Ligand SMILES: Cc1cnc2c(C(N)=O)cnn2c1
């Protein structure tokens, strides 16, 4: 392992997603106790044990019992997923958006198990450390030139589809990558129509697992009430909406944005959220959450056979009589409907 073989720009990206150091920092930011059970000793069974105990928590909330029923359930959860609340007594998990908070945590943790496994497999042979990680990812990362028409589309995709309601930060595209996870091309539903290039943002610790294992669905033991539109793979057409799931801070103001070709097909359109949306798909190939703002049909350029909704995100006239989501929510429930294509290294410009 002498001189690295990878592109210098790829080397920068490899070190970034493969930093076990910040992985602890973000888990500690989520209040996870790295001391009581370090990330290095994280079994998938522990996470499947965590999911089950979250389901026992939804079983309490649905039954409405807030006594010991919930107090025992939450503690049992915390024992498998050690937390750190210090002074205050640990909190009771009571809401759909508190449930989603922990399913977010268990996902990020599972994507870290994948990660540390890949960094621990580096032995010490004839390859440079960074090159060994890349090979283990079994996914290709071609860096694109800033003057590429691909780059021209992405920057105009990035900023022109930045929602006006996420004004507390501007976004700036530091580099752009061509993604091809091995086998993904070989199974993408080429048949399905409505082929679109959709956003997915995720925390920094998750990208090794995402570039290696794709974007899986939720395990069966997960609480069903936790997922907004059901156990699927969520996307958005607005760059800022997916960039919010990057969870960049004013101090760690860099992130990664996953533009992937999503085979949506015929959409089931919904206004109010509903987790049991997978049961009511009935031949439709995806669920679409209907918002007020979205890129207008008059700016839909095509890139490698996929529709890229540019232009300013005009209004859509959507309004629910009975909550109306502001922005559109796409959900595909099988990975064959998703092929990753472009990854974006994005710097966040927060405003005070
Ligand atoms: C319910 C839900 C979950 N995740 C996302 C993302 C993302 N992960 O980038 C975008 N919209 N969205 C919506």
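Count begins at 1; order follows the chain as displayed.
The way this entry was determined, per its header, is X-ray crystallography, 3.2 Å.
Using the three backbone atoms N, Cα and C, a Cβ is placed for every residue, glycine included.
Database features, via Swiss-Prot:
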type	residues	note
ACT_SITE	329	active site, for poly [ADP-ribose] polymerase activity
BINDING	200, 201, 202, 209, 216, 242	NAD(+) binding site
DOMAIN	3-120	domain 'PARP alpha-helical'
MOD_RES	4	phosphoserine
*With the Cβ under 6 Å from ligand 1 as the test, give me the qualifying entries from the recorded positions 4, 200, 201.*
200, 201
*asked:* Measuring Cα to Cα, how far is the residue listed as 'active site, for poly [ADP-ribose] polymerase activity' from residue 242 (NAD(+) binding site) in Å?
replied: 10
*Rounded Cα-Cα span from residue 4 (phosphoserine) to residue 200 (NAD(+) binding site), Å*: 30
*If you measure from the Cα of the residue listed as 'phosphoserine', which of the binding-site residues 202, 216, 242 is the nearest?*
202
*How many angstrom lie between the most widely spaced Cα atoms of the NAD(+) binders 200, 201, 202, 209, 216, 242?*
18
_Nonlocal neighbours by CB distance (under 8 Å) for residue 216 (NAD(+) binding site), same chain, sequence gap 6 or more_ = 233, 335
*Can you check what DSSP calls residue 209 (NAD(+) binding site), collapsed to helix, strand or coil?*
helix
*If you skip the near sequence neighbours and keep only those at least six away, which residues in the chain come within under 8 angstroms of residue 202 (NAD(+) binding site), Cβ to Cβ?*
111, 210, 245, 246, 256, 258
*Which of the three DSSP states, helix, strand or coil, fits the residue listed as 'phosphoserine'?*
coil
*Listed in sequence order, residues with CB under 8 A of residue 201 (NAD(+) binding site) and six or more positions away*: 242, 243, 244, 245, 246, 255, 256, 257, 258
*asked:* Can you tell me whether DSSP puts residue 242 (NAD(+) binding site) in helix, strand or coil?
replied: helix
_If you count CB neighbours within 10 Å, which one among the recorded positions 4, 200, 209, 242, 329 has the smallest count?_
4
